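Protein chains in written order, with this note's numbering: chain G, 678 to 803; chain U, 678 to 803; chain S, 450 to 491; chain F, 11 to 65; chain V, 13 to 443; chain E, 276 to 627; chain Z, 276 to 627.
Reading through the structure tokens given below for one structure.
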Amino acid sequence: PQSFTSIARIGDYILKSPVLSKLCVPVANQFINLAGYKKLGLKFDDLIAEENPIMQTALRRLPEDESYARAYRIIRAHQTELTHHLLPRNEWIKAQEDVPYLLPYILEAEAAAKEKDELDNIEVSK
Amino acid sequence: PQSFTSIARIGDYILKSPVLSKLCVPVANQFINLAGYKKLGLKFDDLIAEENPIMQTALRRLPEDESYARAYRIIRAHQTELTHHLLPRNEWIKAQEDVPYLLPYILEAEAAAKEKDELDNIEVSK
Amino acid sequence: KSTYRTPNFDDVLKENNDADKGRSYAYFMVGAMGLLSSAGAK
Amino acid sequence: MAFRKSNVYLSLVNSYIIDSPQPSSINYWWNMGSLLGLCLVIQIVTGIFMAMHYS
Amino acid sequence: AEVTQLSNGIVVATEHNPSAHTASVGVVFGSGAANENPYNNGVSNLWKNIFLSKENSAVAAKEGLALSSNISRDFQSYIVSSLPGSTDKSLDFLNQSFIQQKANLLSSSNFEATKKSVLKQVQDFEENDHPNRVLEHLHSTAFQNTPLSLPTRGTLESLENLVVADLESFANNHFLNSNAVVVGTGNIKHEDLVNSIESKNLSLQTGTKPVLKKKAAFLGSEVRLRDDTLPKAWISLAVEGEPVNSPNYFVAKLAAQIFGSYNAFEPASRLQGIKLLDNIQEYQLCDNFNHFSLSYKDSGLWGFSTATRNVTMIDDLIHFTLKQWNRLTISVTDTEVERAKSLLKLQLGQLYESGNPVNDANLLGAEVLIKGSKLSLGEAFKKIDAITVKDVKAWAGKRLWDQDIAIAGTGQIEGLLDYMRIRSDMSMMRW
Amino acid sequence: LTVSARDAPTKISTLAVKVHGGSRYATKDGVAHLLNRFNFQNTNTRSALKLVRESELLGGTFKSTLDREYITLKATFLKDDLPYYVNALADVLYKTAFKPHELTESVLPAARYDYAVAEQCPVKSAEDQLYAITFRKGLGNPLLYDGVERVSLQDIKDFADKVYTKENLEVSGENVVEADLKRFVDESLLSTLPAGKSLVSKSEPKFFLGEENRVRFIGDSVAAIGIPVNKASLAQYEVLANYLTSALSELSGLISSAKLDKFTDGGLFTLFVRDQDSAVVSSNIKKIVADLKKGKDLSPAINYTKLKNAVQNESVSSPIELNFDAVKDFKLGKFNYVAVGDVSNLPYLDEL
Amino acid sequence: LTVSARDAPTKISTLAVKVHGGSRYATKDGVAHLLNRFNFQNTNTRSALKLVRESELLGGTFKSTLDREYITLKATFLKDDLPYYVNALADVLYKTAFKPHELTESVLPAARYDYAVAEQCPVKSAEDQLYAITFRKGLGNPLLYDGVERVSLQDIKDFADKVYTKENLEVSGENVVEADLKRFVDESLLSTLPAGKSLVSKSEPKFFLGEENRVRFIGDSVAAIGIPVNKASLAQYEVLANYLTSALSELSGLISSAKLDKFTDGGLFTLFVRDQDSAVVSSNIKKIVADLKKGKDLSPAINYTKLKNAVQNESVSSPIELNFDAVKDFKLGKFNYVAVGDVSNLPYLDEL
Ligand code: HEC
Ligand SMILES: COc1c(O)c(C)c(C/C=C(\C)CC/C=C(\C)CC/C=C(/C)CC/C=C(\C)CC/C=C(\C)CCC=C(C)C)c(O)c1OC
Ligand SMILES: CCCCCCCCCCCCCCC(=O)O[C@H](COC(=O)CCCCCCCCCCCC)COP(=O)(O)O
Ligand SMILES: CCCCCCCCCCCCCCCCCC(=O)O[C@H](COC(=O)CCCCCC)COP(=O)(O)OCCN
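So, in structure tokens, the structure goes:
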């Protein structure tokens with residue numbers, strides 16, 4: 678319940694400002710590698726909860742090969758969490774591989790649902 | 678749970694004997710028209726309970742037109758029993774129309790299930 | 450890597466299978482738990 | 011099908027405590043529910059056998 | 013009928029069928045797919061397809077000689093069929109093909125074209141033939157890290173590393189004198205074949221194929237090749253069976269025969285005398301199954317393969333099949349044993365006494381490589397008649413009742429449950 | 276009632292009843308396929324279940340196969356069990372039941388499955404199109420029931436009364452003593468069939484040339500040519516088929532299959548080119564037709580074709596053998612072409 | 276960019292963009308049908324949902340129809356709303372989105388439904404077979420997508436870049452003031468399309484005669500004949516079609532439909548005989564072909580055909596009118612025959 682347009686607007690306002698980016702991007706990636714979802718072999722777009730119909734739409738949108746890769750990363754994360762270990766350091770998701778791959782599908786589903794709601798509640802230009 | 682081969686054997690032993698037929702066929706059709714299933718517009722093969730797989734088989738066996746006629750007789754019986762009346766005397770099932778129409782389908786399903794059970798429990802001619 | 454090359458299980462396999470030994474030890478332990486469970490239920 | 015699937019009563023026992031698909035990564039914190047069920051049965055059975063002597 | 017056998021370092025074993033109209037003559041080596049390390053895997057398939065190469069088949073077809081080959085786990089074969097007046101031509105061709113030279117078969121162009129063709133065939137097998145690749149993964153996980161796990165077809169990752177040196181190294185280590193049996197089946201006499209071999213020289217090599225360090229050992233495991241984009245769910249499932257030269261060979265085959273095979277679309281297949289069909293036909297649990305008793309030199313497999321579209325009731329299929337397997341230990345009847353005797357006599361006499369001479373050559377070559385002489389079919393029928401119900405119950409208690417299983421599956425096998433419920437269903441808890 | 280059997284010490288015998296009732300004798304479309312999937316159902320005396328149980332306890336199985344010309348009933352069994360199988364095949368030929376529920380439950384879904392199997396294979400579809408455009412009324416009837424023509428249960432009974440006659444069947448045995456088989460046939464119900472007429476027409480069928488048919492299909496594209504044959508020019512096409520199949524030809528890697536269907540009065544030479552890509556099929560079939568119209572020499576393939584004819588001839592009713600010593604040369608005349616697949620990219624008959 | 280519009284005091288105007296991009300210009304099979312069901316989806320600026328909502332609040336609907344030659348985008352609306360619909364059609368021709376999920380969700384199931392509808396009608400199938408055997412590469416392309424040829428999303432974008440050009444479209448208006456339409460077009464995005472080439476070939480298409488194709492089908496049997504026409508012999512076939520349709524002919528109760536498809540350089544005369552019974556279709560089509568080969572007099576049908584040509588001509592791009600005063604007589608020459616239905620009982624082309 679963050680409505681990805683809103684978080685994208687705040688994040689782009691932080692990134693486009695030089696002072697705010699220089700201040701809280703080191704805090705940002707320090708937060709990321711203290712979060713430790715890399716160490717289970719996951720990406721952050723593999724981590725967004727997908728039990729609402731807009732994210733379910735954005736998972737139908739997704740290409741096939743990225744869907745099979747996402748399915749493998751989920752099953753290796755469940756198996757590694759089951760054994761209570763971590764993946765070895767060669768198998769951790771690196772910083773360059775943590776690509777926001779599912780974000781544009783999510784954002785276009787956001788814009789579609791927002792436009793549907795606006796047009797479902799319009800007045801008339803009298 | 679009468680196993681129609683058995684009732685057919687007893688009934689044919691009664692009918693083929695002259696003394697037993699002359700004794701208890703008037704008792705038989707007196708029992709039939711005191712039963713009063715004619716007065717609701719039914720036949721007796723419309724009255725056999727059909728919630729066992731051998732009778733369900735014998736209803737799949739049945740031709741189309743007799744199946745639609747049986748469906749109409751059931752729905753008119755439910756409606757007449759719902760209104761707590763009887764059908765008028767012109768609409769009662771007459772004695773000639775009370776034909777054992779479903780009996781041979783039932784008997785061939787009986788013989789098929791009996792033969793399957795016997796062959797499922799055979800010895801060997803050593 | 451093929452799907453016919455099974456990965457390494459050799460650190461966790463028994464050095465001797467002997468399918469009556471292992472099943473007898475397992476059924477002995479399950480039977481001991483059932484023993485004490487029968488006593489406790491009584 | 012099997013008798014635990016075709017029976018009316020055993021289908022609930024099946025679909026709840028036999029063939030219920032559980033996620034394979036859940037730790038011992040997903041066990042407090044069964045533990046609360048056991049402790050509720052303890053409370054009820056001791057309550058009956060102790061309320062036979064209570065005025 | 014009669015099977016004779018003689019020796020000079022090579023082994024000459026025949027079946028003079030004077031009623032047949034052809035005559036197959038060929039060499040059956042005692043190496044197979046179970047004699048390869050996992051890095052030269054598929055070299056026997058590549059020898060099969062350079063022997064069946066286009067130039068070699070053309071030179072064969074100039075004289076009216078059809079070639080044939082077979083790669084199994086235990087035995088290779090290289091069979092040349094001809095008219096019964098051309099056994100000398102077939103022997104001289106087989107001599108010129110293997111013994112006299114191999115460099116003309118192993119030229120650069122022929123080898124590269126054949127490697128391309130076998131790479132195409134292995135890829136086509138891997139992504140299109142589903143029940144056979146299920147059975148190959150069943151062998152690959154029942155016998156894993158052990159040379160009987162290697163597929164006969166070879167793997168794509170190994171077969172694209174082979175060069176001519178590995179073909180020649182396998183030829184020098186396995187195409188030997190004692191390793192081979194030259195087989196003549198069909199319409200040839202034994203004395204004619206022996207006198208014609210002694211008329212030539214036909215000496216393959218000095219001898220002594222390398223001995224495997226590790227013997228085959230069954231290992232209960234599973235492998236799940238889940239592919240959701242397939243219309244069915246293919247699944248094999250087997251226990252450790254009986255190898256050849258075992259006293260429980262025909263008992264294991266008759267146990268496989270009790271539950272038989274089935275095809276849900278054929279009308280005469282739905283009316284068989286199997287008690288599994290009463291459970292399996294109600295909600296249409298599978299399309300087909302077959303019970304197999306595979307027997308190798310070191311070990312064996314006993315189980316069933318199946319295919320189904322009812323992907324939500326796979327566990328009921330496995331459940332009723334394994335409860336029927338548990339009926340062998342406890343309460344198998346006399347009539348089921350008599351029926352399996354009659355059907356196994358039938359399919360065994362169809363297998364050994366079909367009209368095709370190349371299949372007789374493959375079977376006779378395998379049998380006289382393993383056990384030194386061919387057991388004729390009348391003694392086989394006497395051994396089938398000697399089986400009682402107590403023999404089947406003792407065998408099922410030894411091999412079936414609460415033993416480890418090996419499972420392989422592909423397709424929509426999500427309805428297939430864990431390993432432990434399938435393993436625990438091998439014993440009934442009611443006996 | 277032609278009875279013939281050969282003997283051997285092999286311990287399993289087979290018994291075959293070949294009846295001239297295939298698809299070329301079908302009254303309506305696919306009646307012969309309904310009769311094929313209908314036989315070995317319930318008879319008037321024993322049910323089909325009792326048949327399967329007693330044959331399985333005695334040790335023999337059943338098979339009923341149709342072809343373009345025959346309806347063959349086969350029974351493979353252990354040698355001591357001969358009169359049971361002779362009486363079983365006599366009862367199936369004489370007194371099958373023809374109940375309507377058998378048709379609606381066991382016969383029609385089997386026929387649906389047979390047609391669904393052979394529709395998913397494009398070369399079987401192309402072969403049926405080739406037959407239908409070469410022998411359009413006679414041999415060119417469809418082999419399988421697809422349901423474009425309503426076939427009732429009375430049609431099947433009339434067809435079975437037409438076909439199963441004493442003058443229409445041959446009893447062939449393998450590994451069977453012959454005189455004992457003649458005694459068991461003369462004692463059974465097979466001797467009291469109605470003695471109708473032999474349906475085998477002795478004249479050559481009227482064949483058509485230069486025809487073309489195109490069928491759109493999803494999957495493998497297949498281009499096929501077809502040549503109607505004589506009774507005398509049959510060995511030339513046999514050695515042609517085994518020439519193009521073997522490695523003697525420079526184009527055996529281009530074709531997929533090539534066979535000659537031998538009948539009692541002629542037959543059809545087929546030649547199939549199958550590939551998933553349409554440009555490959557196009558280039559291959561243009562090269563095949565150009566090289567066959569250029570001419571070939573069939574002399575090297577003659578011993579190879581003697582061998583392949585020996586390995587195919589297992590039946591008693593094998594055709595004339597010695598015609599091979601006179602074939603020398605072939606040049607492609609007129610033919611009939613079908614094209615099943617990505618039809619908009621396959622070549623037409625005018626440009627071949 | 277040919278702009279033409281007529282004016283009337285009628286309060287509802289329509290606007291049509293005819294683009295020469297039909298199935299005869301399709302690169303692969305059924306690409307034009309995917310482009311037809313793809314237009315009026317999402318653009319780069321407004322979504323398809325916003326298009327439907329604002330057009331519905333303004334009072335106009337949308338329609339995109341394909342033919343054998345055109346891809347027509349039509350918009351029917353209230354007269355005051357003209358520049359909105361001119362800008363909407365300009366945006367659809369210029370900057371549709373071509374997203375892959377649109378193809379997999381809204382475009383392909385619509386095409387599956389269109390092909391399932393027209394496969395259940397046998398005369399549409401017979402018409403496609405008739406086109407495919409008469410104009411085998413050009414006009415004879417299939418109209419609908421059936422999926423025998425893989426059409427990707429890049430194929431549709433390349434086809435739309437090929438077809439939607441300034442030299443390839445005509446803007447036609449009804450109940451629209453013309454000079455205002457020319458000003459709104461010259462101000463919109465429709466003037467900045469890439470100026471490609473006119474795809475209209477002026478030569479007559481190569482036509483084939485005497486062909487035959489036979490398609491098995493479950494349901495109504497239909498036999499059809501087809502005659503390729505010239506540009507000069509077109510009015511004879513127009514008065515032939517309206518002769519056989521009306522009650523002037525003794526066989527209008529025998530045929531089911533007969534029409535002439537007028538193109539810019541020719542066309543095809545079709546003639547359909549449809550009935551559920553195959554013997555009725557057989558007797559009817561033999562009688563029709565015999566009577567047309569006997570000869571007819573087309574003089575009584577000429578005023579009737581003037582009337583029916585007047586009621587059909589509503590579009591601006593109507594063909595040449597005055598050719599009717601010179602038609603006198605017709606005799607059936609060579610034709611092309613298809614047969615869809617119970618194929619084993621329909622007549623062949625040799626026996627017509
Ligand atoms: C008769 C049924 C009965 C049920 C059911 C029952 N209890 Fe009780 N409970 C009693 C009785 C009787 C007492 C008083 C006697 C005693 O305290 O020993 C009691 C006392 C208690 C006490 C006070 C114990 C003390 O001595 O201080 C607590 C706390 C309590 N119950 C909690 C629960 C909870 C929590 C549950 C279930 C969710 C529960 N009880 C169910 C009978 C019951
Ligand atoms: C998500 O996965 C699951 C899951 O799906 C389920 C179902 C469970 C299981 C849940 C439970 C077991 C909870 C169930 C609890 C109940 C149904 C409460 C019922 C409790 C009772 C006490 C029943 C009432 C019975 C009585 C009161 C009878 C007592 C009577 C007596 C003692 C009479 C004595 C008198 C004489 C004369 C003998 C899980 O634990 C679980 O996690 C693994
Ligand atoms: C309603 C009250 C809810 C309480 C929550 C309890 C949750 C755990 C219940 C455990 C039941 C164990 C049954 C396992 C089983 O039958 O497996 C059976 C056999 O297993 C056994 O024999 C287990 C040995 C006996 C254990 C007895 C434990 C009794 C103590 C229970 C204490 C709590 C009541 C099937 O096992 P298999 O499928 O692997 O072959
Ligand atoms: C608020 C809900 C409270 C909890 C209720 C739901 C959970 C109930 C779980 C019950 C588990 C124990 C029931 C197992 C009994 C199964 C026997 C059975 O179903 O056979 C029943 C007959 O049952 C009886 O006669 C009496 C059962 C009373 C049960 C009293 C506890 C036969 O069933 P069926 O029709 O499938 O058999 C056809 C034969 N082949």
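Every residue, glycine too, gets a C-beta built ideally from N, C-alpha and C.
### Query
Tell me which same chain residues have a C-beta within less than 7 Å of the C-beta of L621/E, skipping the five on either side of it?
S496, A498, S553, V556, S557 and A614
### Beta-ladder partner(s) of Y274/V, from DSSP
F301/V
### Query
According to DSSP, which residues form a beta bridge with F459/E?
None; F459/E has no bridge partner.
### Message
List, in chain order, every chain A residue whose beta-carbon is nearer than 9 Å to that of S44/F.
### Response
The displayed structure is made up of protein chains G, U, S, F, V, E and Z, and chain A is not among them.
### Message
I'd like the span of the alpha helix (DSSP H) that includes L796/U, first residue to last.
### Response
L780 to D797
### Query
Would you call the CB atoms of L356/V and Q284/V closer than 7 Å?
no
### Query
Looking at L465/Z and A365/Z, is the spacing between their C-beta atoms short of 7 Å?
yes
### Message
Counting only beta-carbon separations shorter than 7 Å, does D416/V have a partner in chain F?
### Response
no
### Query
My guess is that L58/V and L174/V are in contact by the Cβ rule of under 8 Å, so how many angstroms apart are they, rounded?
6 Å
#### Entry: Spatial distance of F13/F from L45/F (CA atoms)
28 Å
### Task
Compute the Euclidean distance between the alpha carbons of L627/E and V564/E, then round it to the nearest angstrom.
6 Å
#### Entry: Classification of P456/S by the beta-carbon crowding that lies within 10 angstroms, buried from 16 upward
exposed
### Query
Count the other CB atoms within 10 Å of the CB of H151/V; is the residue buried (16 or more) or exposed (fewer)?
buried
### Query
Hey, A533/Z and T520/Z: beta-carbon distance below 7 Å or not?
yes
### Task
Starting from the Cα of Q88/V, find the closest Cα among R433/V, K394/V and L375/V and give me that residue.
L375/V
#### Entry: Any chain E beta carbon closer than 7 Å to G97/V
no
### Query
What residues does ligand 3 have around it, judged by CB closer than 6 Å to any heavy atom, in chain order?
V479/S, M482/S, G483/S, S486/S, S44/F, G47/F, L48/F, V51/F and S436/V
### Message
Any heavy atom of ligand 1 closer than 6 Å to the beta-carbon of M62/F?
### Response
no
### Message
Tell me the residue span of the alpha helix (DSSP H) that contains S683/G.
### Response
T682 to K693
### Query
Which runs of the beta strand (DSSP E) spanning at least 3 residues fall entirely within the stretch 316-347 of chain Z, listed in chain order?
336-341
### Message
Between which two residues does the beta strand (DSSP E) holding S94/V run?
### Response
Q88 to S94
### Query
Given 8 Å as the limit, is there contact between the stretch 295-309 of chain E and the stretch 414-427 of chain E, that is, 3 or more CB pairs closer than that?
yes
### Task
Starting from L428/E, trace the alpha helix (DSSP H) both ways and give me its first and last residue.
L428 to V438
### Message
At a threshold of 6 Å, does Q679/U count as lining ligand 1 (C-beta to nearest heavy atom)?
### Response
no
### Length of the line joining the Cα atoms of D430/Z and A372/Z
14 Å
### Query
What are the boundary residues of the alpha helix (DSSP H) that includes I22/V?
Note, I22/V: premise wrong, no alpha helix (DSSP H); not H, not E.
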